[PDB]
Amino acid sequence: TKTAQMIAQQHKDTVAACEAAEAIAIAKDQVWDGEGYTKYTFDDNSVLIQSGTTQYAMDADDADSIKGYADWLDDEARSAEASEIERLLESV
(Lines of atoms letter the chains of each structure in order from A and count residues from 1; the text may use other names and numbers.)
(Lines give C-alpha, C1' and ligand atoms only; values in the text may rest on other atoms or scores of the structure.)
Protein backbone atom coordinates (compact mmCIF):
# COMPACT_ATOMS: atom_id res chain seq x y z
CA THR A 1 0.00 0.00 0.00
CA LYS A 2 1.41 3.32 -1.14
CA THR A 3 1.73 6.63 0.64
CA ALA A 4 -1.30 8.42 -0.83
CA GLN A 5 -3.60 5.55 0.10
CA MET A 6 -2.24 5.30 3.62
CA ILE A 7 -2.73 9.05 4.14
CA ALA A 8 -6.29 8.87 2.80
CA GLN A 9 -7.08 5.94 5.12
CA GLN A 10 -5.43 7.37 8.24
CA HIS A 11 -6.47 11.01 7.80
CA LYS A 12 -10.02 11.24 6.54
CA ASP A 13 -10.36 14.99 7.12
CA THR A 14 -8.85 17.09 4.35
CA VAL A 15 -7.07 19.49 6.68
CA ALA A 16 -5.21 16.67 8.45
CA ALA A 17 -4.43 14.74 5.26
CA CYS A 18 -3.02 17.98 3.86
CA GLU A 19 -0.65 18.30 6.83
CA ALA A 20 0.55 14.73 6.25
CA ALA A 21 0.92 15.23 2.50
CA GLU A 22 2.79 18.53 2.75
CA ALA A 23 5.26 17.07 5.22
CA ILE A 24 6.72 14.72 2.59
CA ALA A 25 5.35 15.45 -0.90
CA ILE A 26 7.98 15.82 -3.64
CA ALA A 27 5.61 17.92 -5.76
CA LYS A 28 2.48 20.03 -5.31
CA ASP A 29 0.37 20.95 -8.37
CA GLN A 30 -2.94 22.76 -8.79
CA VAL A 31 -5.85 21.97 -11.07
CA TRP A 32 -7.80 25.21 -11.49
CA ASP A 33 -10.91 24.00 -13.34
CA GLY A 34 -14.10 22.62 -11.86
CA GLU A 35 -14.00 22.15 -8.12
CA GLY A 36 -10.28 22.94 -8.16
CA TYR A 37 -7.86 20.28 -6.94
CA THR A 38 -4.51 20.12 -5.20
CA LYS A 39 -2.23 17.21 -6.17
CA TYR A 40 0.50 15.96 -3.85
CA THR A 41 2.97 13.57 -5.49
CA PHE A 42 5.02 11.21 -3.30
CA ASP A 43 8.36 9.46 -3.74
CA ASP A 44 6.60 6.15 -4.49
CA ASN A 45 4.65 7.71 -7.40
CA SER A 46 1.35 7.75 -5.62
CA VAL A 47 -0.59 11.01 -5.62
CA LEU A 48 -3.10 12.40 -3.12
CA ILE A 49 -5.57 14.73 -4.81
CA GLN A 50 -7.83 16.97 -2.70
CA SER A 51 -10.88 18.82 -3.98
CA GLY A 52 -11.16 22.54 -3.25
CA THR A 53 -14.97 22.56 -3.44
CA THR A 54 -16.31 19.81 -1.21
CA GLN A 55 -19.30 21.83 0.05
CA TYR A 56 -22.25 23.50 -1.62
CA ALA A 57 -24.63 26.05 -0.07
CA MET A 58 -28.01 25.87 -1.79
CA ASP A 59 -30.75 28.49 -1.61
CA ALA A 60 -33.89 26.41 -2.24
CA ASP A 61 -35.77 29.53 -3.38
CA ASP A 62 -33.32 30.36 -6.15
CA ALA A 63 -33.38 28.47 -9.46
CA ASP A 64 -29.75 29.21 -10.31
CA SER A 65 -28.66 28.00 -6.88
CA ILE A 66 -30.58 24.74 -7.30
CA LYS A 67 -29.20 24.24 -10.81
CA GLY A 68 -25.70 24.91 -9.46
CA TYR A 69 -26.21 22.19 -6.84
CA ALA A 70 -27.25 19.76 -9.55
CA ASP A 71 -24.17 20.63 -11.61
CA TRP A 72 -21.84 20.29 -8.63
CA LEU A 73 -23.04 16.78 -7.75
CA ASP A 74 -21.22 13.97 -9.55
CA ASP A 75 -23.25 12.21 -12.27
CA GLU A 76 -24.31 9.27 -10.10
CA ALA A 77 -25.45 11.39 -7.17
CA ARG A 78 -27.26 13.70 -9.61
CA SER A 79 -29.27 10.71 -10.84
CA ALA A 80 -30.17 9.82 -7.23
CA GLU A 81 -31.15 13.44 -6.58
CA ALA A 82 -32.83 14.19 -9.92
CA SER A 83 -36.44 13.91 -8.77
CA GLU A 84 -35.71 16.07 -5.70
CA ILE A 85 -33.94 18.64 -7.90
CA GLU A 86 -36.99 18.73 -10.18
CA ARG A 87 -39.26 19.18 -7.14
CA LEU A 88 -37.09 22.08 -5.94
CA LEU A 89 -37.11 23.79 -9.34
CA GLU A 90 -40.87 23.37 -9.69
CA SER A 91 -41.39 24.98 -6.29
CA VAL A 92 -39.54 28.15 -7.32
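Numbers for residues come from their place in the sequence shown, where the first is 1.
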Practice item. Between 45-53 and 62-70, point out the one with the higher average CA B-factor as the PDB entry records it. Key: 62-70
Exercise for review: Can you work out whether the C-alpha temperature factor of residue 84 puts it in the lowest, middle or highest third of the chain?
Suggested key: highest
Exercise for review: Select lowest, middle or highest to describe the third in which the CA B-factor of residue 4 falls within its chain in this entry.
Suggested key: lowest
Check your understanding: When the modelled residues of the chain are sorted by Cα temperature factor, does residue 15 land in the lowest, middle or highest third?
Key -> highest
